[PDB]
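Here is the structure we will look at, set down as structure tokens.
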Amino acid sequence: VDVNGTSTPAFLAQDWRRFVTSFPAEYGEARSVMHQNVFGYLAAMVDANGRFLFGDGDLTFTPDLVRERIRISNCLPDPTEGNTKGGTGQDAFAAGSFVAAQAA
Amino acid sequence: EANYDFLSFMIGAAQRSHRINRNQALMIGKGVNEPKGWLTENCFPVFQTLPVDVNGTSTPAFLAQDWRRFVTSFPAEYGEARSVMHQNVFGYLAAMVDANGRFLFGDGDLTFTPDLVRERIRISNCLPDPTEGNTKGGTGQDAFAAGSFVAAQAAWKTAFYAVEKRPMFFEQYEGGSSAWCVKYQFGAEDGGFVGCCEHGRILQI
Amino acid sequence: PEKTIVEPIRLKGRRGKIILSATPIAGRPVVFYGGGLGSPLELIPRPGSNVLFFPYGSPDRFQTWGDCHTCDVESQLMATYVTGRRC
Amino acid sequence: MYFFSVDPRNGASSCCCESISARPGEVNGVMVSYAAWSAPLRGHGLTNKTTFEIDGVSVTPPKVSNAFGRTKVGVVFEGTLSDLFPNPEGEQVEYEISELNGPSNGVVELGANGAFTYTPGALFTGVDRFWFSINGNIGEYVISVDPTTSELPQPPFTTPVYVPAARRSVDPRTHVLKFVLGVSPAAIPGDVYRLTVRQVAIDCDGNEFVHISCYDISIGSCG
Amino acid sequence: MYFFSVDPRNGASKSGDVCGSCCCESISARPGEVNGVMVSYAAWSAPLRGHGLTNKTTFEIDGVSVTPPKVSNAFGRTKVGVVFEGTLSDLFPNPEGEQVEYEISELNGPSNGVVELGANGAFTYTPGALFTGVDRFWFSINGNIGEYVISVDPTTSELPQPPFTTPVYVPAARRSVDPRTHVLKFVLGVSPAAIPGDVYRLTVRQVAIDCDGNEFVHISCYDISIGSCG
Amino acid sequence: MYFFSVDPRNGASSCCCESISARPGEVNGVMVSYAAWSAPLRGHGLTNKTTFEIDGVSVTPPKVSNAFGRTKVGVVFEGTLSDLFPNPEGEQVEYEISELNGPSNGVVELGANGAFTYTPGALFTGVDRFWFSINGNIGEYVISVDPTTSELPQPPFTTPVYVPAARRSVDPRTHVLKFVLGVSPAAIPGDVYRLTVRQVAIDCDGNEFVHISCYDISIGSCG
Amino acid sequence: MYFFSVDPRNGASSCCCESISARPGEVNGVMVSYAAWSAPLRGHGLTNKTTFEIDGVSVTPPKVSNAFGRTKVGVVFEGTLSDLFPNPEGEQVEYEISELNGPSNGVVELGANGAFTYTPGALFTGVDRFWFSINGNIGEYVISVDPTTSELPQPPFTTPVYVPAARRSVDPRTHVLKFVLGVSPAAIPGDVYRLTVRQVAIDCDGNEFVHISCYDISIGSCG
Amino acid sequence: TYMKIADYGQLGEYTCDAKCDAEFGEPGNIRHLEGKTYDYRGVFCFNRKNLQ
Amino acid sequence: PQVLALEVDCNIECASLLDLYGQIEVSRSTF
Amino acid sequence: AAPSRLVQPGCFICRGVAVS
């Protein structure tokens, strides 16, 4: 995304939805695994005006995960470099990193 | 000497080739000795969508505003009519964003999945699939390549008929089997034809 | 004197005594391609004694059930090496 | 059918290229067995990315020139056959239409003196060839019948020795290459051509292993 | 595929054939080929019981006879999609007077474009649509082969200047080693511009590793001989 | 094909240079075997860095002079053949054109008195030659047909004895040098030329060893 | 991997010392089997109280001199290469940095005239060497990268032939001594060094049996 | 080892209803391939008094 | 040499647009 | 399989009024 003409790497909620619904349903039901910082990264996103994309005012977004097929395992690689990386205006988000998986 | 069964594997390996060939031919079959599919028949009235502007460029596109317009424009007196689309289009729909940042459908629940049967959208996977391998959403060199199938909609119980005569059969061919090569033979008979092709419309980019 | 030999072989018995015609020199792995096994596999020979012992862990079998131009027959078992002595 | 087992490039084993005899008019087939060179390079076998090239090492340029014409479908086409043979000396001209190489979708009424008329077969749109012979010199005459709308392209005047566009096939399971080697009826006995073959292998990951060989075609009469 | 058994450094040596005359073993190559070479360190590293080989091989190429080429090379530059034009006549400064039989080999032509050879040292490179990168093609000015490299720029700023591949080269990363059997593999590439007769020398420095992590270096050389007709 | 074994330069086993007989018009081959000199120098054999030089020891300068002409493509060329033979004595000039050494891409029709017309090969651009015989004395006439655009350069009037330039080859496996020895049709019988060959071998590490030898080419007739 | 079975000191079975061939650059391994000497001496086998000594019997002193530089972390270091080749006669200096013996944790680019720049890898402190080649003659240039704090000591300018510090071992179950023998890249071919080994066994009560032997290391190129 | 059914061939063709014969189709591959299993091991010692 | 019963195949159908179209059944091959 | 992109629709709003 072109942050004032710089093109930093990014990953926004629109990408997460388009990635999980693309799985061809004739393969069966699939679960997604990812590091818990990523799920924290999704939960703290913001729209242009400042509101939250998930749980529009709750201080917390804590959804039923087993009803969303996400299966957190803090044992995979996380693109947030633990934390304190990723999700910047500039100077973060390692191009080429891993985010999450999905499969039967 | 096999530790398996080729035959029952092959018997299954032929019906799978029949089911997928029949359904595909019934869609895109070309005239002679194949039922004329409704795609190539090209008598369903086809609706094509406008292009959009971006930085002066006139890229073709497909907005949620179109989909609602297309579905609702079915004449009411023809009856109730479902829709058909490759799931990559429905994935393209659920992932749209309004001006600021909100999703259009399913605002703030990580996923939009309404009961299709209530929105009358039967979904498939061997339709032309305009978003090429889910890689042609479109802002620059990803424009939809105007002139592609997107979705169809028709009162199917009267817009197209599929006839059936005999299900598949398998018969040994004594003769031709030259004492090395046991040769089986299979076949089936069927067909289809387009009825009144006024009930039914096609969307395109 | 150094000469290679593309030579079809067969598999005598369980352990597969491989009767190569000539003697394939030395540390040079004699390859067996085709014959169903998708990828080729290099086995070292035994100096002087052409006879080899085909393993029992073929990584592929790449069968072709359900064909009528060849009735499936069976690809072709072959083997190449270099027998001659130099100098 | 010819067959050449190529050398495996191991530092082991009169002229350089192998020998191929050819007869004017024949269209034969060649097999090459790349097994000895591709089997050790265990990968995904061969790939259909072979490239050919034909060069002339002895030509004896043709005496009679070729020519080309045009006509609409169903319409008879007539033309000359004398302005194609500039003769150095002054002698007589015995024009002849080789029966084994006549047209394929019409008939030709060869007149007495370098004149002919070509009536195309009923309802036929395409290209048609027939090989005349002036004083023993052979050259082809190409006629393209157009489907009365506009036109067809102008075909490329087949060479003395050629390999067809796409009749090659490569079996990755036994490392064998096949192609077709056709010789025009206008080939001149004694001439020699050279066919170089560049065949590409592939590793497990997607890189290339090139290999080049050559062949010497000798146009001989009576095989 | 070549094969070589490296000498074991045992105080004894020179087993097998070695029809000797030089030091480095011999390798014959033909201009244009890209072949595969194997080396079997089993004799030298197996006694040195440890973690076998490592992927720290180092190669070097130096020529013992070059016979400098006649025609120079050249560089060309053009943006994406835009047709390129260039001259091929000032690349053959000839000492004596003779015509210039320009020719483009159908075997070494471009890979993402097409070229129409003109009447006098002119040619049209129309790069492939929707393509940006570096592309070459090997001309032949009266027998002497050289390469002409073209980079089509993706219309933004520019592309860098590639290094003009040498006669003999070992590709960047196409080697491997199987520590279970002590066998090294790599690829040996020969440019189409190598002159038949020349001889290049390839030096290979292979390093084993003990049970604890120290080194056992091994140096060997090979004499690549650019011969025509295999 | 001449086959000379070079002296081994070991300080051990009429004139100096060996004898090579030639005939005006022949283009023969010569093979030299450096095995006796370069084999004990166990290394990488020969390298293609040979160099030839031709010197005359008996010439008997020619009675007739040569000539150079020029014309464009397709346009008929005319020329004379009378100022080419400055006759010391006063006699007749029996012009002639040998059918063995006629032109290659045209035709010539001698006039009655030193006249000729070379109608160039239609659609051909380059250079052509032919050899006349003015009263037994032979000389050459060079014609260069230009591709109608600008001009063509001037060819060098091929010498009596020449050694083709690109036909030199050496086989490092058997220590043999191959080169060609062509004799112009203008070489006068009885003359003697001298060819000096400087052939360079190479040790195992790339250094140089030079070897020099000479051959006395004696232009004879009747073989 | 050399293997010597030492003399058994039983009054029973050209030069004195056994031979060892070594090549500049290699790092090889050696085995010695004291079984025939220490097995009858029934004790506790060998002990790790061995000592080595390296002496030169032929050196041919080096032509080029070495040099030591110093620098901190991250800071680029610059140096010349012209004050290191004392040439008694006048000759050109074909500077060359061998790609094989380059630096280990940095990178250097050779200038055109005795110049080079060693830019160490980021976040690296220690000692780094690389071997240059002035006109065939080989030397070394040792640089130390300091962690910017105070200073680093002086490294010992590795010798032509060395035995590494602590890589010896011994197995008292089979009476075998193992050690490493490494040759510098600057050792000159043709020279000869002498390696002496003092091995001490042990009886049941802790006393000592000494044993001395020698080995002649001859630095030869090409194995 | 185990089976790896690659791709069912294309068998039927929808031919005309006059010929007294079918037409051959492409076959399928099965690719009997294998795979091994690794092992995991280690040790640890103790005194006897120092454990009582 | 421990052949399993595993039969990983991993090929897909489509869905089917057959329960949509109106169905009719005929015995003769010409209606 | 080679890494394929995942281009999703941008901010698509309007079809009748160009911006000044």
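Following the order of the structure tokens, chains are lettered A, B, ..., residues in each are numbered from 1, and ligands are numbered from 1.
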Counting only C-alpha atoms, what is within 8 Å of stretch 22-31 of chain G, bar same-chain residues fewer than 3 positions away, as a ChimeraX atom specification?
/E:9,48,215-219 /G:1-4,176-189,217-223
Output the contact residues of chain I with respect to chain H at a cut-off of 10 Å, based on only C-alpha atoms, as an MDAnalysis selection string.
chainID I and resid 1:11
Could you write out the selected residues, including N, CA and C atoms, as an mmCIF file, in the first residue's frame?
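File written: part.cif
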data_model
loop_
_atom_site.group_PDB
_atom_site.id
_atom_site.type_symbol
_atom_site.label_atom_id
_atom_site.label_comp_id
_atom_site.auth_asym_id
_atom_site.auth_seq_id
_atom_site.Cartn_x
_atom_site.Cartn_y
_atom_site.Cartn_z
ATOM 1 N N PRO I 1 8.155 -51.730 2.246
ATOM 2 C CA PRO I 1 7.647 -53.091 2.416
ATOM 3 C C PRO I 1 6.647 -53.220 3.560
ATOM 4 N N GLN I 2 5.888 -52.159 3.813
ATOM 5 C CA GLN I 2 4.810 -52.172 4.797
ATOM 6 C C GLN I 2 3.583 -51.489 4.209
ATOM 7 N N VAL I 3 3.207 -51.905 2.996
ATOM 8 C CA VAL I 3 2.181 -51.216 2.218
ATOM 9 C C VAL I 3 0.938 -50.974 3.058
ATOM 10 N N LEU I 4 0.489 -49.724 3.080
ATOM 11 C CA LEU I 4 -0.666 -49.321 3.862
ATOM 12 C C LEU I 4 -1.947 -49.533 3.066
ATOM 13 N N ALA I 5 -3.060 -49.077 3.628
ATOM 14 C CA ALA I 5 -4.320 -48.971 2.916
ATOM 15 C C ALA I 5 -4.629 -47.539 2.511
ATOM 16 N N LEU I 6 -3.712 -46.611 2.761
ATOM 17 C CA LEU I 6 -3.934 -45.217 2.413
ATOM 18 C C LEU I 6 -3.986 -45.050 0.902
ATOM 19 N N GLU I 7 -4.947 -44.260 0.437
ATOM 20 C CA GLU I 7 -5.213 -44.109 -0.988
ATOM 21 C C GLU I 7 -5.450 -42.640 -1.315
ATOM 22 N N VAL I 8 -4.520 -41.782 -0.898
ATOM 23 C CA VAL I 8 -4.609 -40.355 -1.182
ATOM 24 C C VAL I 8 -4.773 -40.133 -2.680
ATOM 25 N N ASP I 9 -5.875 -39.497 -3.070
ATOM 26 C CA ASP I 9 -6.200 -39.292 -4.476
ATOM 27 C C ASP I 9 -6.232 -37.823 -4.855
ATOM 28 N N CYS I 10 -7.013 -37.016 -4.140
ATOM 29 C CA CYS I 10 -6.893 -35.562 -4.176
ATOM 30 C C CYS I 10 -7.280 -34.988 -5.542
ATOM 31 N N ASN I 11 -8.458 -35.369 -6.022
ATOM 32 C CA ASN I 11 -9.032 -34.790 -7.228
ATOM 33 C C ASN I 11 -10.469 -34.379 -6.947
#
Could I get the residues of chain E with an atom no further than 8 Å from an atom of chain D, each paired with its nearest atom pair and that distance in Å to one decimal, using only C-alpha atoms, sorted by chain and residue number, as CSV?
residue,atom,partner,partner_atom,distance
E:1,CA,D:10,CA,5.6
E:2,CA,D:10,CA,5.0
E:3,CA,D:10,CA,7.6
E:27,CA,D:11,CA,6.6
E:28,CA,D:11,CA,6.1
E:32,CA,D:212,CA,7.3
E:33,CA,D:210,CA,5.2
E:34,CA,D:210,CA,5.1
E:35,CA,D:209,CA,5.9
E:36,CA,D:41,CA,7.0
E:106,CA,D:53,CA,6.6
E:107,CA,D:51,CA,6.4
E:229,CA,D:16,CA,6.3
E:230,CA,D:9,CA,7.0
Looking only at the backbone, which of the residues in chain A does DSSP tag as strand (DSSP E or B), as a ChimeraX atom specification?
/A:31-34,46,52,70,100-103
Please dump the current selection as a PDB file, in the first residue's frame; keep N, CA and C atoms.
ATOM      1  N   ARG A  31      -9.424 -25.743   8.809  1.00  0.00           N
ATOM      2  CA  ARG A  31      -9.093 -24.898   9.942  1.00  0.00           C
ATOM      3  C   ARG A  31      -7.841 -24.092   9.638  1.00  0.00           C
ATOM      4  N   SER A  32      -7.752 -22.923  10.255  1.00  0.00           N
ATOM      5  CA  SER A  32      -6.640 -22.013  10.043  1.00  0.00           C
ATOM      6  C   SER A  32      -5.815 -21.921  11.313  1.00  0.00           C
ATOM      7  N   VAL A  33      -4.499 -21.976  11.163  1.00  0.00           N
ATOM      8  CA  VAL A  33      -3.585 -21.864  12.288  1.00  0.00           C
ATOM      9  C   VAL A  33      -2.751 -20.610  12.099  1.00  0.00           C
ATOM     10  N   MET A  34      -2.375 -19.987  13.211  1.00  0.00           N
ATOM     11  CA  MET A  34      -1.577 -18.769  13.159  1.00  0.00           C
ATOM     12  C   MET A  34      -1.099 -18.432  14.562  1.00  0.00           C
ATOM     13  N   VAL A  46      -8.137  -0.615  12.468  1.00  0.00           N
ATOM     14  CA  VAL A  46      -8.861   0.641  12.596  1.00  0.00           C
ATOM     15  C   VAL A  46      -9.291   1.094  11.210  1.00  0.00           C
ATOM     16  N   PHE A  52     -13.128   0.777  15.335  1.00  0.00           N
ATOM     17  CA  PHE A  52     -12.547  -0.550  15.184  1.00  0.00           C
ATOM     18  C   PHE A  52     -13.317  -1.348  14.139  1.00  0.00           C
ATOM     19  N   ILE A  70     -10.204 -20.891  13.600  1.00  0.00           N
ATOM     20  CA  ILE A  70      -8.847 -20.463  13.912  1.00  0.00           C
ATOM     21  C   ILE A  70      -8.378 -21.223  15.141  1.00  0.00           C
ATOM     22  N   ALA A 100      -0.199 -17.076   8.060  1.00  0.00           N
ATOM     23  CA  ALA A 100      -1.117 -18.107   8.525  1.00  0.00           C
ATOM     24  C   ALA A 100      -1.256 -19.172   7.449  1.00  0.00           C
ATOM     25  N   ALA A 101      -1.927 -20.260   7.811  1.00  0.00           N
ATOM     26  CA  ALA A 101      -2.163 -21.372   6.907  1.00  0.00           C
ATOM     27  C   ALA A 101      -3.620 -21.799   6.993  1.00  0.00           C
ATOM     28  N   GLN A 102      -3.993 -22.740   6.129  1.00  0.00           N
ATOM     29  CA  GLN A 102      -5.352 -23.259   6.077  1.00  0.00           C
ATOM     30  C   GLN A 102      -5.357 -24.503   5.209  1.00  0.00           C
ATOM     31  N   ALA A 103      -6.033 -25.550   5.672  1.00  0.00           N
ATOM     32  CA  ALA A 103      -6.049 -26.812   4.945  1.00  0.00           C
ATOM     33  C   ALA A 103      -7.048 -27.757   5.590  1.00  0.00           C
TER      34      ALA A 103
END
Compile the contact shell of residue C:43 as a count of residues only: residues with an atom at most 8 Å away, counting only C-alpha atoms, same-chain residues fewer than 5 positions apart removed.
3
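Counting from atom CA of residue B:94, the distance to atom CA of residue J:19 is 27.4 Å.
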Using only C-alpha atoms, the residue out of I:24, I:19, I:31, I:12 with shortest distance to chain A is I:12
What parts of chain A does DSSP call helix (DSSP H, G or I)? I'd like the answer as an MDAnalysis selection string.
chainID A and resid 13:20 25:27 36:43
Restrict the selected residues to C-alpha atoms and save them as an mmCIF file, in the first residue's frame.
data_model
loop_
_atom_site.group_PDB
_atom_site.id
_atom_site.type_symbol
_atom_site.label_atom_id
_atom_site.label_comp_id
_atom_site.auth_asym_id
_atom_site.auth_seq_id
_atom_site.Cartn_x
_atom_site.Cartn_y
_atom_site.Cartn_z
ATOM 1 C CA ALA A 13 -8.531 -7.344 7.207
ATOM 2 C CA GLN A 14 -9.828 -7.298 3.629
ATOM 3 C CA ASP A 15 -6.975 -9.684 2.840
ATOM 4 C CA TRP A 16 -7.789 -12.087 5.663
ATOM 5 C CA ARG A 17 -11.413 -12.477 4.591
ATOM 6 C CA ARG A 18 -10.580 -12.948 0.911
ATOM 7 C CA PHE A 19 -7.972 -15.563 1.837
ATOM 8 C CA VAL A 20 -10.170 -17.801 3.989
ATOM 9 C CA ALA A 25 -15.463 -26.059 -0.488
ATOM 10 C CA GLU A 26 -15.320 -29.414 -2.281
ATOM 11 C CA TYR A 27 -12.144 -30.169 -0.314
ATOM 12 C CA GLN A 36 -1.528 -15.301 18.601
ATOM 13 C CA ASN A 37 0.118 -11.971 17.793
ATOM 14 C CA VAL A 38 -1.405 -12.115 14.307
ATOM 15 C CA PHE A 39 -4.854 -12.586 15.810
ATOM 16 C CA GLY A 40 -4.041 -9.651 18.051
ATOM 17 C CA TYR A 41 -2.968 -7.756 14.942
ATOM 18 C CA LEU A 42 -6.352 -8.356 13.312
ATOM 19 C CA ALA A 43 -8.233 -7.439 16.483
#
